[PDB]
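> Could you work out the structure for the sequence below:
(one chain, ligands or ions: 5)
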Amino acid sequence: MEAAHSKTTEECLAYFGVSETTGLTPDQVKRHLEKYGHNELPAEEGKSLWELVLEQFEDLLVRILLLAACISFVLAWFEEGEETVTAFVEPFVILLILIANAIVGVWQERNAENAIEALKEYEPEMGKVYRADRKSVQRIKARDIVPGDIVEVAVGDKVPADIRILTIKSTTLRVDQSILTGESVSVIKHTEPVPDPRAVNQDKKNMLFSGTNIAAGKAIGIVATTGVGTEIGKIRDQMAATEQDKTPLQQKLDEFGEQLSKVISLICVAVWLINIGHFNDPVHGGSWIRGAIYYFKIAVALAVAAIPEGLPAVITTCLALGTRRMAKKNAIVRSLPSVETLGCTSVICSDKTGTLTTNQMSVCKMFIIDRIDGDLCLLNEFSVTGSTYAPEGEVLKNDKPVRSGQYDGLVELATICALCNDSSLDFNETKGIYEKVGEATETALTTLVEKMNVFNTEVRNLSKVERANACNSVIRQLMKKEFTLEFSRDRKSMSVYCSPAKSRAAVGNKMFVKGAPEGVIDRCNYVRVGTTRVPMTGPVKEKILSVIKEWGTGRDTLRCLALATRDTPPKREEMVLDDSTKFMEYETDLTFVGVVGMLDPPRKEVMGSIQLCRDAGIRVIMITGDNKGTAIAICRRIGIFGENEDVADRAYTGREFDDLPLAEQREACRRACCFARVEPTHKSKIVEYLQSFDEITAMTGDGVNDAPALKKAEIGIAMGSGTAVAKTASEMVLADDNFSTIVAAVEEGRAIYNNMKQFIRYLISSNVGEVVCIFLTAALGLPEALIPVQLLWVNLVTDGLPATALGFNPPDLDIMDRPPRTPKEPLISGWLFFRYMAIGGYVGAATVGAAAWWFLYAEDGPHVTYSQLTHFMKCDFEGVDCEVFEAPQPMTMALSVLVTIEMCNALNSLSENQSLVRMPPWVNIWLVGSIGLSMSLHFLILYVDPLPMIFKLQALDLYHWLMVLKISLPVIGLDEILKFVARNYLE
Ligand SMILES: Nc1ncnc2c1ncn2[C@@H]1O[C@H](COP(=O)(O)OP(=O)(O)CP(=O)(O)O)[C@@H](O)[C@H]1O
Ligand SMILES: [Ca+2]
Ligand SMILES: [Ca+2]
Ligand SMILES: [K+]
Ligand SMILES: [Mg+2]
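Residues are numbered from 1 along each chain as shown. Ligands and ions are numbered 1, 2, ... in the order given. Coordinates below:
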């Protein structure tokens with residue numbers, strides 16, 4: 001880790017004593033490693049403070065409860081009398097429910113963070129280095145690179161460690177450093193140094209920082225420093241950590257929380273004033289104050305009982321739960337809002353190569369010209385065996401094993417593939433498998449060149465390592481690659497300028513081009529036949545294109561490329577290299593050589609996932625830069641279209657899409673499910689259109705040309721084996737490239753919603769009748785139904801654990817067989833309000849009808865024969881009874897029925913509109929236990945003598961209880977009825 005960039009190329013190569021072309025010797029590596037250590041970080045310590053997490057105490061509400069707990073603590077203190085045992089209890093009953101949800105949050109929160117870390121501890125980062133033990137680049141675990149050895153980076157790659165740029169192989173090099181500095185834009189770089197020693201990161205345009213991605217280009221440089229010395233390792237924790245705020249569903253719910261904070265605020269202040277007549281009253285110390293005060297409590301307590309203190313805590317929990325379950329499916333959630341959003345995704349756009357397919361390419365069919373005679377064009381089509389990148393396979397013609405070098409046309413075909421290629425193979429001894437280094441497509445051609453071996457290079461006895469690139473190196477050792485005109489989506493082809501070694505064909509300089517067949521074929525005026533050349537003709541050009549199409553729409557839906565070569569390139573001088581736009585011109589007046597057909601197998605889980613998406617109401621769109629024929633073919637075989645379904649206007653190409661007027665483009669986007677040969681920004685535009693219909697859309701990519709779209713989309717989904725550039729722009733990464741998970745994600749995203757909607761229904765319909773209880777008893781002639789503590793109780797027993805458990809609710813019956821939720825759909829439909837009201841009604845008038853019941857019809861206390869003796873003012877009002885109006889017997893019956901009916905109401909929230917018969921309590925084994933935990937806690941307060949006085953008098957076991965269930969249970973049938981109205985009816 002030499003402390004500088006200041007010095008130039010030579011000083012760093014010399015500082016570590018290494019050749020840029022060979023790189024460290026296995027010995028040096030041993031040394032530098034012991035000396036400098038493993039290039040990693042202690043970072044493996046991220047684990048939020050034991051308590052840092054216990055911050056379930058910050059949401060809007062809850063603070064309310066904490067406040068109410070304060071005023072309860074001050075009142076309970078001063079308040080004199082035979083109290084204290086009931087005065088000081090109130091506060092704990094208010095924060096005990098907070099403590100309860102607090103835990104559940106912290107717990108399901110730890111497990112989440114805990115699983116997200118294991119997802120990363122699986123699949124270590126890799127880097128490409130140049131070591132002396134191998135002639136060609138080799139990939140090693142990044143933790144194993146050390147300062148000094150040569151390293152190679154390129155488009156999409158994530159910079160493995162701080163590096164002094166020694167040389168830029170491409171005609172330009174840009175990179176994304178925003179993560180470190182801030183500068184949101186491809187920043188340029190160059191070889192020379194900059195005098196300023198301890199200068200600011202943002203200036204060193206001769207470095208690459210560990211953690212930044214390469215925007216465009218390819219460069220080789222020497223590791224200036226690793227480990228913590230990294231200008232990203234020291235500036236590690238210092239980052240203020242930009243953890244975005246709440247998610248769209250939380251902002252939606254936190255707002256709906258204060259919407260009640262208001263309504264409730266009224267209910268309470270109101271319930272308060274609608275007293276007074278009892279302020280100066282007897283029962284209240286006889287004073288107006290004690291009377292007013294007692295009622296501020298009836299309000300305060302009523303609030304703390306109506307404010308869903310478990311709402312914020314639940315969204316949180318449920319979310320971390322989604323994350324944890326995605327992690328389990330090897331899916332990395334990089335953004336909290338993902339799952340919830342996929343849940344209501346109307347359309348899923350997806351890249352083809354890599355995303356929809358395995359990207360495991362191999363050349364299986366290839367052809368050159370055999371002979372030409374008039375309108376008849378004979379092609380020499382060969383077949384190749386070997387589906388991996390292994391340099392083991394044979395070239396067959398008429399199914400007989402041929403000597404590829406026998407055909408001059410195949411020699412050139414091989415020459416072109418080897419020289420016009422920025423990739424290579426690397427033998428991974430650990431798995432004994434040949435791996436690619438660079439873009440799949442190109443690598444495929446490298447393995448091909450190895451299989452052809454047009455120069456019969458003796459390779460029977462070479463190391464599995466030395467074999468990997470043997471044949472290629474030979475073609476390279478025979479042609480000097482002057483410069484290469486980088487590949488660009490505009491012209492869809494790449495070129496390379498080569499000079500003969502020791503000048504064989506004299507100054508015979510050539511340009512070897514390879515690209516999308518159509519464009520390359522169009523830029524060909526000559527055809528090569530053996531060593532000969534002839535002008536391109538109508539019958540030949542059609543023949544060449546016919547076989548390609550045959551290959552692209554068949555069983556094998558091959559991916560194809562044309563190989564051509566400019567025999568007489570422009571004078572090296574008249575060519576400018578800092579403007580891609582000019583390159584297509586340089587690649588003209590070409591000579592067609594041949595074509596190669598690659599196998600690129602669709603991922604097995606795709607078709608299935610595509611199907612389920614249909615059922616879910618998800619539209620699936622394929623966007624690619626590949627040939628439309630190959631595209632539509634692949635789309636049929638994947639499930640986007642039917643095997644013989646006409647697609648005249650549901651499949652377009654870049655050109656076609658652009659020829660359409662703005663108005664139609666948008667329509668084409670809602671109609672088409674396949675866009676091919678799309679230009680650069682087309683993927684993004686296509687996501688904009690779908691968003692201009694107010695549709696939650698998602699993009700799925702693997703490479704850099706997906707970044708834009710991935711960011712534009714509401715949800716970006718990236719592939720684990722894709723580039724870091726796409727992964728960055730993405731909000732989720734399928735670590736294992738399992739397309740199915742996306743569907744699993746959208747499902748969990750929906751469940752998470754329904755759950756919140758159920759938690760709300762319960763929490764609401766209950767609490768409504770809860771207050772409906774007061775505004776029907778405290779204003780209908782009946783005596784007080786409950787008192788302070790008695791409210792803080794039901795609260796702590798029906799708004800706590802049993803509700804939060806609704807978060808661990810299973811996915812509804814046909815949740816993933818119903819169309820996506822409109823981005824505008826209201827949180828609570830109107831009928832839903834009726835549903836809450838009806839239930840709120842009954843529960844509210846079966847809690848009051850249970851108090852009166854006792855006084856009347858009940859075989860206890862008075863009997864005031866159906867009339868309650870009309871009023872309460874009796875202090876001969878019949879005077880056949882004492883003051884049974886201040887009896888506890890009646891309240892206990894009230895408090896207990898409210899509680900029981902609420903838990904009964906809870907069982908009505910396992911699903912929105914589903915008969916308990918189909919989805920029984922045991923679908924959510926947690927809700928059950930929770931219920932019991934609350935139920936048991938009730939009995940204890942009801943019968944364990946020390947407690948009863950603090951609350952009320954023990955409702956006679958049996959009879960009294962039987963009466964509770966006889967009026968509570970109906971709530972379960974009442975809503976069960978409401979459900980039958982929406983299920984088997986309404987729709
Ligand atoms: N490295 C390369 N050199 C020469 N030609 C290439 C090339 N990579 C791709 N091509 C050609 O250019 C075409 C367009 O490339 P582009 O990246 O836009 O789409 P693609 O099919 O290569 C990847 P995707 O299907 O995931 O969008 C490719 O289909 C191929 O015909
Ligand atoms: Ca409450
Ligand atoms: Ca309640
Ligand atoms: K995005
Ligand atoms: Mg791709």
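> residues from this structure in reach of ligand 5?
351, 353, 354, 702, 703 (CB under 5 Å from the ion). Where you see a C-beta, it was placed from the backbone N, CA and C, and this is true even at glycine.
> let's see it at 8 Å
Taking CB under 8 Å from the ion as the contact definition, the chain meets ligand 5 at 351-355, 359, 624, 701-703, 705-706, 722.
> Between the residues you listed, which sits nearest ligand 2?
Minimum distance to ligand 2 across the residues of the chain next to ligand 5 is 45.4 Å, recorded for residue 701 (CB to the ion).
> Who does the residue lying closest to the closest one once chain neighbours are set aside form a beta bridge with?
Closest residue to residue 701 apart from its sequence neighbours, by CB to CB, 6 or more residues apart in numbering: residue 351 at 4.4 Å. Assessed by DSSP bridges, residue 351 has beta-bridge partners residue 623.
> so which strand or helix has the closest residue to ligand 3 within the stretch 51-200 of the chain?
Closest contact between the stretch 51-200 of the chain and ligand 3, by CB to the ion, is at residue 97 (10.4 Å). Per DSSP states H and E: residue 97 is located in helix 89-120.
> So which bits of that helix are buried?
89-91, 93-98, 100-102, 104-106, 108-110, 112-113, 115-116, 119 (16 or more other CB atoms under 10 Å).
> and that helix, how far from the chain's centre?
24 Å (CA atoms, centre = their mean, to the nearest Å).
> picking up where we left off before, nearest to residue 792, of the residues of the chain next to ligand 5?
Minimum distance to residue 792 across the residues of the chain next to ligand 5 is 53.6 Å, recorded for residue 701 (CB to CB).
> any idea how far residue 557 is from that closest one?
21 Å (CB to CB, to the nearest Å).
> before we move on, what about residue 99?
Residue 99 is 61 Å from residue 557, by CB to CB.
> With residue 654 instead?
Residue 654 sits 20 Å away from residue 557, going by CB to CB.
> higher neighbour count, these two?
Shown here are residue 654 and residue 557; by other CB atoms under 10 Å, residue 557 has more neighbours (25 against 18).
> where along the stretch 101-250 of the chain do the strands fall?
With strands called from DSSP state E, counting those that start in this stretch, the stretch 101-250 of the chain shows them at 126-130, 138-141, 150-154, 162-168, 174-176, 187-188, 207-208, 213-216, 218-225.
> any chance of those strands in JSON lines, plus mean neighbour count and distance to residue 600?
Putting the strands of the stretch 101-250 of the chain into JSON lines (neighbours: other CB atoms under 10 Å; distance: least, CB to CB, whole Å) gives the following:
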{"stretch": "strand 126-130", "mean neighbour count": "22", "distance to residue 600": "23"}
{"stretch": "strand 138-141", "mean neighbour count": "17", "distance to residue 600": "22"}
{"stretch": "strand 150-154", "mean neighbour count": "24", "distance to residue 600": "21"}
{"stretch": "strand 162-168", "mean neighbour count": "22", "distance to residue 600": "31"}
{"stretch": "strand 174-176", "mean neighbour count": "20", "distance to residue 600": "28"}
{"stretch": "strand 187-188", "mean neighbour count": "14", "distance to residue 600": "34"}
{"stretch": "strand 207-208", "mean neighbour count": "26", "distance to residue 600": "31"}
{"stretch": "strand 213-216", "mean neighbour count": "23", "distance to residue 600": "24"}
{"stretch": "strand 218-225", "mean neighbour count": "25", "distance to residue 600": "23"}
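> Could you export those strands to CSV, including columns for distance to residue 194?
Converted to CSV, the strands of the stretch 101-250 of the chain look like this (distance: least, CB to CB, whole Å):
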stretch, distance to residue 194
strand 126-130, 25
strand 138-141, 30
strand 150-154, 20
strand 162-168, 11
strand 174-176, 16
strand 187-188, 13
strand 207-208, 9
strand 213-216, 20
strand 218-225, 13
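> what about the residue lying closest to residue 392 once chain neighbours are set aside, how many residues close to it?
Residue nearest to residue 392 in three dimensions, not counting chain neighbours: residue 386, with 5.9 Å by CB to CB, 6+ apart. Number of residues near residue 386 (other CB under 10 Å) recorded here: 17.
> Can you tell me the element residue 386 falls in?
Using DSSP H and E, no helix or strand contains residue 386.
> Which strand runs longest in the chain?
strand 362-373 (DSSP state E).
> Is ligand 1 within reach of that strand?
No - under the criterion of CB under 6 Å from any ligand atom, strand 362-373 makes no contact with ligand 1; the nearest approach is 13.7 Å.
> measure the residue of the chain most remote from its centre to residue 869 for me?
Distance from the centre of the chain peaks at residue 876, with 74.9 Å (CA atoms, centre = their mean). Separation of residue 876 from residue 869 (CB to CB): 11 Å.
> Just the closest of the residues of the chain next to ligand 5 to residue 304, please.
residue 701 (49.5 Å).
> wait, doesn't the closest one sit right on residue 712?
No - at 11.3 Å, residue 701 and residue 712 do not qualify as touching, with contact defined as CB atoms under 8 Å.
> For residue 845, give me its contacts.
769, 772, 773, 776 (CB atoms under 8 Å, 6 or more residues apart in numbering).
> mind listing what residue 948 touches?
By CB under 8 Å, 6+ apart, residue 948 lies in contact with 941, 942, 954.
> Where does the residue in the chain positioned nearest to ligand 4 sit, in terms of helix or strand?
In the chain, the residue that lies nearest ligand 4 is residue 716 (4.0 Å; CB to the ion). Under the criterion of DSSP H and E, residue 716 resides in strand 715-719.
> Is that strand in proximity to ligand 1?
No - on the criterion CB under 6 Å from any ligand atom, strand 715-719 is out of touch with ligand 1, staying 10.3 Å away.
> picking up where we left off before, buried ones among the contacts of residue 845?
So, by 16+ other CB under 10 Å, the buried ones in these are 769, 772, 773, 776.
> So which bits of the stretch 701-850 of the chain are right by ligand 3?
So the stretch 701-850 of the chain meets ligand 3 at 763, 766, 767, 770, 794, 795, 798, 799, 803 (CB under 8 Å from the ion).
> so what's the backbone phi/psi at the residue in the stretch 351-500 of the chain positioned nearest to ligand 3?
Nearest residue of the stretch 351-500 of the chain to ligand 3: residue 355, at 47.9 Å (CB to the ion). Phi and psi for residue 355, reported as degrees, to the nearest 10, are phi -80, psi -60.
> any chance of the buried ones among the contacts of residue 845 in a markdown table, plus secondary structure?
Shown next, in a markdown table, are the buried ones among the contacts of residue 845 (DSSP: H, G, I helix; E, B strand; the rest coil):
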| residue | secondary structure |
| --- | --- |
| 769 | helix |
| 772 | helix |
| 773 | helix |
| 776 | coil |
